[PDB]
Amino acid sequence: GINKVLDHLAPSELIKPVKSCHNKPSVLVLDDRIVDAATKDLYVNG
Amino acid sequence: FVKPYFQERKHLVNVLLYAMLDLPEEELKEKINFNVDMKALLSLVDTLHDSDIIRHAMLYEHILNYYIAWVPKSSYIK
Amino acid sequence: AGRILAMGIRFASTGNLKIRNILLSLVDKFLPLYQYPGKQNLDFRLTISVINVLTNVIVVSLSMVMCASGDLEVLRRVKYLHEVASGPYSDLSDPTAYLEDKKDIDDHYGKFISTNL
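Protein chains in written order, with the authors' numbering: chain A, 5 to 50; chain T, 367 to 419, 454 to 472, 483 to 488; chain C, 1333 to 1424, 1475 to 1499.
Here you go:
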């Protein structure tokens, strides 16, 4: 039990799939000239 | 310890560089007035020419295998 | 981190085997997760930053308890955390990018002081 919980706190081989992150900062678009379901979720006034 | 004795002898530079370039005996005999042993010349030539003297899983293993696997008057000693 | 740090300081320079083995198992488990920005998620990013802090504590404490011994495996692991920047770059608006680079460069500085100590 002690070992299995430590594996849960510290999953060594379980987590890392490929280690291939792009590492670029994602940019959010705030423009209100295009109508989309995702934009309507974040933009309220219409 | 040995170099001053080499500088003592005078023809050493000529014969050695000629040994370096493997010059034919005919050119040697043209301007050198002392006999040079041919079988020595071939032997030194032979000694001179002696020349017996997946991509992401490997990074995790090699970073462990290369950085965790602890390996336990100028240089002039080339 | 708090418990092991008190554990390491308690057995400071006295040397032992059971504590060393336990710390060896802990560092072995927590080493692969170290500095792994796989899914760039701040909940994940804050958690793994604590992982970086935690793995800095384990290596320091492991060095604490085995002090002045010249241990092999302890040296073997701290050599690992010493080398390879890892992080976002390599493999595993101007002031803003300056601050964005400032955070990563400061993270590497903190990761180095622990392994150096």
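Ideal placement from N, C-alpha and C gives every residue a C-beta, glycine not left out.
For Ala-1344/C, the three-state secondary structure derived from DSSP is coil. For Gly-1492/C, the enclosing alpha helix (DSSP H) has its first and last residue at 1476-1498. Residue state for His-456/T is assigned as coil, using DSSP reduced to three classes. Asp-403/T carries a coil assignment under DSSP once its states are collapsed to helix, strand and coil. Interface annotation, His-456/T: in contact with chain A, CB-CB separation under 8 Å.
Listed along the chain, the chain C residues whose CB falls inside 9 Å of the CB of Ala-41/A amount to none; the nearest CB is some 22 Å away. With contact defined as three or more Cβ pairs closer than 8 Å, the segment 1352-1365 of chain C and the segment 1398-1412 of chain C are in contact.
Ranked by how close their Cα comes to the Cα of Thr-1387/C, the residues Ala-1333/C, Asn-1498/C, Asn-1348/C have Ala-1333/C in first place. Restricting attention to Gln-1372/C, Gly-1347/C, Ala-1338/C, the CA atom closest to the CA of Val-31/A is found in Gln-1372/C. In the structure shown, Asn-1373/C adopts coil according to DSSP, grouped into three states. Contacts between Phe-1362/C and chain A, judged by CB atoms closer than 7 Å, involve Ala-14 in chain order. For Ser-24/A, the C-beta contacts it makes with chain T under 9 Å involve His-456, in order along the chain.
Considering only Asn-401/T, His-462/T, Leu-408/T, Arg-375/T, the residue with the shortest C-alpha distance to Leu-387/T is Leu-408/T.
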